[PDB]
Amino acid sequence: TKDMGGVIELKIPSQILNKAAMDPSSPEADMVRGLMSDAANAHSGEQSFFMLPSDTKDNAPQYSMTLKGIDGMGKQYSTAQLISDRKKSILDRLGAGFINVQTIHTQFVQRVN
Amino acid sequence: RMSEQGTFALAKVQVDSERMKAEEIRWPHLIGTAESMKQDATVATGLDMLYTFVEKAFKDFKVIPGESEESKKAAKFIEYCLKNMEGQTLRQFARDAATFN
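Those sequence lines, one after another, are chains F and U. Just so you know, we're using our numbering here: the first sequence kicks off at 1 and counts up by one. Just so you know, we're using our numbering here: the second sequence kicks off at 1 and counts up by one.
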């Protein structure tokens, strides 16, 4: 559930964000409210695209849109095989470990009889 | 001649063997270390399968008599005694005896 790979991140100058918070009836407020709904609905389809201003103030740009990813290496322990070992560990005590694939199971039943 | 000239040295063979063991598996402790093992799901399973066939073997036991008429009468009495212990059966005895594993 928490593997947010490829999530959308948006960067906006704080002048617009701050103006909207203090002026609910200003043009900045309308555009901010539009972004909060448009970004939630941003799927992939027949008309998906992005258009951002290209202004620049420093070495970094004012507006940007990037898709995040894990900056490094992911998980290593492969929890899948951990569970399989423990399941065979449990069923072996009951003689029913063959489901993980005269027998052991038949001989085990004779003990109870 | 007809005279022993030595001893089995039971009292020495033990006392060397208790030193040459890690101290968690010497006599007065091994009783605890056995029951603190077993709760491993691979150790229990190995012992359980061993007892499964030991009980099976000593369930349908038989007494084999000799050739003379005296032996046949003795074999019948032996079978009666071994199958009429008050509150005990050979399967229970076999699964108690096999605890030396």
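Ideal Cβ positions, reconstructed from N, Cα and C, are used throughout, including at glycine.
Runs of alpha helix (DSSP H) with 4 or more residues, each lying fully within the stretch 41-87 of chain F, are absent. Around the Cβ of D92/F, a 10 Å sphere holds 16 or more other Cβ atoms; the residue is buried. For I8/F, the beta-bridge partners assigned by DSSP are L67/F. A Cβ-Cβ distance of about 5 Å is found for the pair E18/U and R26/U, placing them in contact under the 8 Å criterion.
Burial check for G95/F: the Cβ neighbour count within 10 Å reaches 16 or more, so the residue is buried. Around the beta carbon of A20/F, 16 or more other beta carbons sit within 10 angstroms, so the residue counts as buried. Taken through DSSP and simplified to helix, strand or coil, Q107/F comes out as helix.
In the structure shown, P28/U adopts helical secondary structure according to DSSP, grouped into three states. In the structure shown, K38/U adopts coil according to DSSP, grouped into three states.
Under the three-state reduction of DSSP, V54/U is assigned to helix. Here the alpha carbon of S14/F sits roughly 35 Å from the alpha carbon of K75/F. Below the 8 Å Cβ cutoff, chain U contributes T52 as neighbours of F108/F, in chain order. By the criterion of a C-beta distance shorter than 8 Å, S48/F is surrounded in its chain by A42, once the five residues flanking it on both sides are discounted. Against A41/U, the close residues of chain F are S89, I90, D92, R93, in the order they occur along the chain (beta-carbon pairs closer than 8 Å). In this structure, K59/U sits near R91/U, with a CB-CB distance shorter than 7 Å. Annotation for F8/U: no alpha helix (DSSP H) segment contains it, and DSSP assigns it neither H nor E. Chain F places no beta carbon closer than 7 Å to that of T89/U, leaving this residue out of the contacts. In the same chain as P53/F, and ignoring 5 residues on each side of it, the C-beta atoms closer than 6 Å to its own belong to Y63, in chain order. Boundaries for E86/U: no alpha helix (DSSP H) harbours it, and the DSSP string shows neither H nor E there.
Excluding residues up to 5 positions away in sequence, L47, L50 lie with their Cβ nearer than 8 Å to the Cβ of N101/U in the same chain. Taking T56/F as reference, the option from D85/F, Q81/F, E46/F, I12/F with the minimal CA-CA separation is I12/F. Spanning the alpha carbons of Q102/F and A94/U requires a straight line of approximately 23 Å.
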